[PDB]
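As structure tokens, the next two blocks hold two forms of the same chain, structure 1 and structure 2.
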Structure 1
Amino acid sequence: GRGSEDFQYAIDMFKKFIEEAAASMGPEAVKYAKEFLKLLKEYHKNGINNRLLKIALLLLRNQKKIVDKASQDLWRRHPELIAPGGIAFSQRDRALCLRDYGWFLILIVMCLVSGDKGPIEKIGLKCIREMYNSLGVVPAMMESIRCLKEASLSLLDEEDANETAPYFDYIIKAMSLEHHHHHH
């Protein structure tokens, strides 16, 4: 573990995310992420919005705390996810859940620093589709992102929370549409 208050910390977090999720998100997603990272550094050369970078660093440095808190809330609100026959019953499966939780948070942070939902439109939506192709329609999944949102915004003030909430809402709405319109 390591946390810093520097733009290089966010850059390294994005690189690690790209490296870890490259095989899962596909080649088009990695190209988008690489282009995003290059543009962020190019615009950082001309100065960066400190408020956005502050909220991004605050969410990145507490990534694992947010993941654990959200996962605990989700298991409590839907114990069937970790019970026999559930999607997160297996140790590997539960580990994959926490992985995707951290990746959702990385995507949120990418939108934060960019002030745009682009990274969620391109990468996020596609992955939400692939993820449902491997998991199926599990109703408890709808609370998954809510817990993450509840666990992320709980570390921010009302202004920072208001700046970050729209991306969680966009993700929840997208998953809802994918969930109830998959087999159609």
Structure 2
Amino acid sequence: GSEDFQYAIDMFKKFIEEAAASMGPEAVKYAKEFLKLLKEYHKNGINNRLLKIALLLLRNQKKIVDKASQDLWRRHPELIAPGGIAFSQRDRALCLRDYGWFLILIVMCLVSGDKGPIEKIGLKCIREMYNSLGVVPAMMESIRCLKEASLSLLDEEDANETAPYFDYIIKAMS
């Protein structure tokens, strides 16, 4: 119980320290506020049925990111073909990394189970991170593939609960 929530906290806390320099100080501020709300929610038993799904996705991040990017590159092969923006290994690696970071921020939104803090804190972290990262190739498409790769690992009933969290992020990034 408390140890699986601590796995999620350790995961988010490790994301923040690794991405702080690249995501910029404003995004770091929003992320830490979200983590404190998440721990405030857990302490008071708020929206606790979303952690089990979040944990599955957290244990399967690399699988998810790999499946999403493979699906992204089949749909748009010019991205990784010569002359494409992810042909060079540096920039392909930056793509994969940035996709993994957008994924973990979405999973933070999932854990809260509440659209209010998702729009007032989580989305501000995603938008500020996007502003700090700058050019993120196929940003919107990659989130859709992250969503499909994620729902891939879930039963129909868990998918029907998780999809509205991806769709709220996708919509809000225009």
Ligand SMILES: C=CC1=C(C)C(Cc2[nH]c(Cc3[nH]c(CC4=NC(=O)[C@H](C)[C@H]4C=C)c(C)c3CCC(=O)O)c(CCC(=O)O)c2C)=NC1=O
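Note that the rigid core is defined as the largest set of C-alphas that superpose within 1.5 Å between two forms. Residue numbering: sequential along structure 1, first residue numbered 1.
**Q** Pick one: which structure is the form deposited with this ligand bound?
**A** It is structure 1; that copy is the form deposited with this ligand bound.
**Q** Has the Cα of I55 moved 2 Å or more between structures 1 and 2, judged after a core fit?
**A** Not so; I55 is displaced by less than 2 Å.
**Q** Core aligned, does the CA of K69 move at least 2 Å between structures 1 and 2?
**A** No, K69 moves less than 2 Å.
**Q** Classify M141 as shifted (yes) or not shifted (no) between structures 1 and 2, where shifted means its C-alpha moves by 2 Å or more with the rigid core superposed.
**A** The answer is yes, as the C-alpha of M141 shifts between structures 1 and 2 by 2 Å or more after core alignment.
**Q** Relative to the superposed core, what is the Cα shift for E159 between structures 1 and 2, in Å?
**A** Comparing the two forms, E159 shifts 2.3 Å at C-alpha.
**Q** What's the distance in angstrom the Cα of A95 travels between structures 1 and 2, core superposed?
**A** Its C-alpha moves by 0.8 Å once the cores are overlaid.
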